[PDB]
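# Structure assessment
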Amino acid sequence: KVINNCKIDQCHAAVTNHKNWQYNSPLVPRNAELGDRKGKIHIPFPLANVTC
Amino acid sequence: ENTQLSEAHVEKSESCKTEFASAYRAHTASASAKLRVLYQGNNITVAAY
Ligand SMILES: *[C@@H]1O[C@H](CO)[C@@H](O)[C@H](O)[C@H]1NC(C)=O
Ligand SMILES: *[C@@H]1O[C@H](CO)[C@@H](O)[C@H](O)[C@H]1NC(C)=O
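Residues numbered from 1 in each chain as written, not as in the entry; some residues may be left out. Chains lettered and ligands numbered in written order. Part of a larger assembly, values for the part shown. Heavy atoms only, no water.

Under the PDB entry, the name given to chain B is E1 glycoprotein, and the source organism is Chikungunya virus strain Senegal 37997.

Where the PDB entry is consulted, chain A appears under the name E2 glycoprotein, with the organism given as Chikungunya virus strain Senegal 37997.

Below, the structure written as structure tokens:
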């Protein structure tokens, strides 16, 4: 698209359509006030007793 | 006129099933003993409260 009679740095643009899921790290903003859940993954490597 | 919202809470660690300490109240103890007896030229053993 072309917008006539307009200067750079008077507008804002972003990419909005995504098809994949991302971990909700505290370093990224929330998508909406109340977030929706899509799935979960497990943490490997449990503890066990051994000898030294 | 921007704002930011933050929150947190506290939970219990998963590792508590293996690494923990416990407190007890103590009461009167029981006692037992083990003896050796030389009798009729042979060794026998007994155990009793
Ligand atoms: C061994 O692990 C179990 C749980 O998996 C725990 O209850 C127990 O106290 C452990 N024993 C030792 C000696 O670490
Ligand atoms: C068992 O009896 C023998 C005698 O038959 C004795 O010499 C020995 O000392 C006794 N055992 C113990 C541990 O005292």
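Turning our attention to the overall build of chain B. Secondary structure summary: chain B contains 0 helices and 2 strands in total. Structurally, chain B occupies a C-alpha span of about 105 × 25 × 10 Å along its principal axes. Of all 49 residues assigned to chain B, the portion counted as buried reaches 0%. For chain B, the accessible surface area stands at approximately 6,000 Å², while carbon and sulfur atoms represent 50% of it. Each charge class in chain B can be summarised by its mean position, and for the 5 positive and 5 negative side chains these summaries are 36 Å apart. (Helix = DSSP H or I, 4+ residues; strand = E, 2+ residues; numbered from the N terminus. Buried < 20%, exposed > 50% of the residue type's maximum accessible area, 1.4 Å probe, protein only. Areas by Shrake-Rupley, 256 points an atom, 1.4 Å probe, with all protein chains shown as cover. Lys, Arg positive; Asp, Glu negative; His and termini not counted. Charge placed at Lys NZ, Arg CZ, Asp CG, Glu CD.)

A separate point is the layout of surface pockets. Computed from the structure, the largest pocket encloses a volume of approximately 1,600 Å³. Considering the residues around the largest pocket, the lining is formed by 28 residues, among which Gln22, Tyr23, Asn24, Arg30 and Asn31 of chain A are closest to the centre. (1 Å grid on protein atoms, 1.4 Å probe; cavity = no way out; pocket = protein on both sides within 12 Å on 5 of 7 lines; lining within 4 Å. Points joined across faces, edges and corners; volume = space filled by probe spheres on them.)

What follows covers unusual backbone geometry. A positive phi angle, near 65°, is found at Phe45 of chain A, a position not held by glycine. Owing to a relative accessible area of 77%, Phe45 of chain A belongs among the exposed residues under this scheme. Its identity as a non-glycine residue notwithstanding, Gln40 of chain B has a phi of 60°, on the positive side. Secondary-structure assignment places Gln40 of chain B in the loop between strand 1 (33–39) and strand 2 (42–48).

Another aspect to go through is the pattern of salt bridges. When the charged atoms of two side chains lie near each other, side chains of opposite charge can form a pair. This structure, assessed with the given rule, holds 3 salt bridges over all chains. In this structure, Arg30 of chain A engages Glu7 of chain B in a salt bridge whose closest nitrogen and oxygen atoms are separated by 3.8 Å. Exposure remark for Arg30 of chain A: the relative accessible area of 53% places this residue in the exposed category. Put simply, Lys38 of chain A and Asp36 of chain A hold a salt bridge, and the shortest N to O gap is 3.8 Å. Given a relative accessible area of 53%, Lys38 of chain A falls into the exposed group. (Salt bridge = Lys/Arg side-chain N within 4 Å of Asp/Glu carboxyl O.)

Residue and element names in this part refer to chain B. Close to ligand 2 lie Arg36, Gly41 and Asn43, which account for all nearby residues. A distance of 2.9 Å separates an oxygen atom of ligand 2 from a polar side-chain atom of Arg36. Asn43 has a polar side-chain atom sitting 2.4 Å from an oxygen atom of ligand 2. For ligand 2, the accessible surface in isolation is 360 Å², of which the surrounding protein chains cover 32%. (Near = heavy atom within 4 Å. Polar contact = N/O pair within 3.5 Å; in protein donor to acceptor, adjacent residues only side chain to side chain.)

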